[PDB]
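# Structure assessment
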Amino acid sequence: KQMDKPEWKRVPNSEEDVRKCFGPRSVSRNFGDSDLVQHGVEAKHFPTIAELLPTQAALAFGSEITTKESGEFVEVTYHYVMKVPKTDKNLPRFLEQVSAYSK
Amino acid sequence: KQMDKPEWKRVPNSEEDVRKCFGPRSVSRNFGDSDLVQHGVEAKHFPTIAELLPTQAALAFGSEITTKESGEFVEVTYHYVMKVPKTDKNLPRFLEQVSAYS
């Protein structure tokens with residue numbers, strides 16, 4: 001069903017993985033190791049990683065949001081910044097996911 | 001409470017509003033009209049606006065994420081871009097929220 005939803009409402013899993021939902025890892029979409037890419041939210045360590053992912057409301061009210069018309073679409077850009085304490089136990093495994101494809 | 005959570009896990013409501021959870025509206029935090037600011041996710045039209053907000057997984061796997069060390073913290077930046085069809089019924093109300101404070 002994920003691929004029947006708009007891209008921004010997709011929740012990847014083992015059936016419909018990250019590759020199928022959001023395409024291959026790149027400079028534009030750089031988050032997720034092989035495990036997360038293949039199993040999405042069903043990945044073993046995803047719950048640990050998700051501790052440093054903002055909520056839907058936090059994204060809305062904590063981001064700089066800009067829009068511009070692009071063909072038959074309105075392109076919405078979110079710029080969100082969050083500071084995580086270096087002592088955070090979930091931070092190491094999260095950082096390993098950042099540009100994991102290039103590591 | 002929401003103020004007992006890290007800022008990125010806060011879900012504002014009528015008790016702990018957007019201003020309390022994420023501070024005043026500004027050029028850096030520009031989303032939300034007076035109704036959304038005062039009632040957060042309890043705002044009457046928040047569900048309509050929420051139709052154009054990405055899921056936590058979509059944000060994770062669809063964003064350009066960059067990190068930088070800052071003192072005793074690691075600053076995590078998310079750059080997410082989504083293309084909404086101009087026909088989307090939720091888009092007009094969503095656009096009214098962008099820089100509503102100004």
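Let me sum up the structure you'll find in this document. (Residues numbered from 1 in each chain as written, not as in the entry; some residues may be left out. Chains lettered and ligands numbered in written order. Heavy atoms only, no water.)

## With respect to the environment of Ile49(B)
Filter applied, for reference: Secondary structure elements follow DSSP: runs of H or I no shorter than four residues count as helices, runs of E no shorter than two count as strands, and numbering proceeds from the N terminus. Two residues qualify as a contact provided that any one of their heavy atoms is within 4.5 Å of a heavy atom in the partner residue.
Counting through the fold element by element, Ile49(B) comes out in helix α3 (residues 46–50). In contact with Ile49(B), other than residues within four places in its own chain, are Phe31(B), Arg93(B), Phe94(B) and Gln97(B).

## Some points on the packing of aromatic side chains
The criterion, for reference: Note on ring pairs: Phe, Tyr and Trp rings are taken, using the six-membered ring of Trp, and paired if centres are within 6.5 Å. Classes follow the plane angle, with under 30 degrees stacked, over 60 edge-to-face and the rest tilted. The classification of residues rests on relative accessible area computed with a 1.4 Å probe and restricted to protein chains. Under 20% of the type maximum is buried, over 50% is exposed, and intermediate values are partly exposed.
Tallied over the entire structure, the rule returns 10 aromatic pairs over all chains. Consider the rings of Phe61(A) and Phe46(B), whose centres lie 6.0 Å apart with planes at 35 degrees: the pair is tilted. Highlighted residues: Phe61(A) in helix α4 (residues 56–62) and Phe46(B) in helix α3, drawn from two different chains. Each member of the pair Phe61(A) and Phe46(B) is classed as buried. An aromatic cluster is defined as three or more aromatic residues linked by ring pairs; in this entry it consists of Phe22(A), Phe31(A), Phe46(A), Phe94(A) and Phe61(B).

## Some thoughts on the sheet that holds strand β2 (residues 73–85) of chain B
Heads up, the rule is: Any two strands with at least two DSSP-identified bridges between them are counted as paired. Geometry is summarised by axes, namely lines fitted to C-alpha atoms with helices restricted to the contacting stretch, and by angles between N-to-C directions that run from 0 to 180 degrees.
In space, the four strands of this open sheet follow the order β1(A)-β2(A)-β2(B)-β1(B), with antiparallel pairing throughout. For this open sheet the edge positions go to β1 (63–70) of chain A together with β1 (63–70) of chain B, each flanked by a neighbour on one side alone. Averaged over all neighbouring strand pairs, the angle between strand axes comes to 15 degrees, with direction disregarded. Pairing of β1(A) with strand β2 (residues 73–85) of chain A, which is carried by eight bridges, proceeds in the antiparallel orientation. Bridge pairing links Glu64(A) to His79(A) in β2(A).

## Quick word on the pairing of β2(A)
The antiparallel pairing of β1(A) with β2(A) creates a hairpin that spans two residues between the two strands, and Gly71(A) there sits at a positive phi of about 70 degrees. Here β2(A) runs beside β2(B); their pairing, made up of 13 bridges, is antiparallel. In the strand pairing of β2(B), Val76(A) is matched with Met82(B).

## Section: the side chain of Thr77(A)
One can find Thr77(A) in strand β2. For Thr77(A), a relative accessible area of 13% translates into the label buried. Apart from the residues lying within four places of it in its own chain, the contact partners of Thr77(A) are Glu64(A), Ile65(A), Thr66(A), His79(B), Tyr80(B) and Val81(B).

## Considering the interface of chain A and chain B
Counted only if it meets this: As used here, buried area is the combined drop in accessible area, with a 1.4 Å probe, of two parts when they are placed together. Salt bridges, as used here, are contacts in which a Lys or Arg side-chain nitrogen is within 4 Å of a carboxyl oxygen on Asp or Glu. For the purposes of these results, a polar contact is taken to be a pair of N or O atoms within 3.5 Å, where, inside protein, one atom must be able to donate a hydrogen and its partner to accept one; residues adjacent in sequence count only when each atom of the pair is a side-chain atom.
Opposite the 57 residues of chain A that make contact, chain B presents 58 residues. At the boundary of chain A with chain B, total buried surface from both sides reaches about 5,400 Å², with 64% on carbon and sulfur atoms. Considering only the side of chain A, the residues that lose the most area to chain B are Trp8(A), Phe61(A) and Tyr78(A), jointly responsible for 18% of the buried surface there. Linking chain A with chain B are two salt bridges. Across the pair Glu69(A) and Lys86(B) runs a salt bridge, and its minimum N-O distance is 3.5 Å. In this structure, the connection of chain A to chain B is made through 31 residue pairs in polar contact. Going through the elements one at a time, α1 (18–22), α4, β1, β2 and α5 (91–97) of chain A are the ones with two or more residues in the side of chain A that touches chain B.

Any link to function would need more than the numbers given here.
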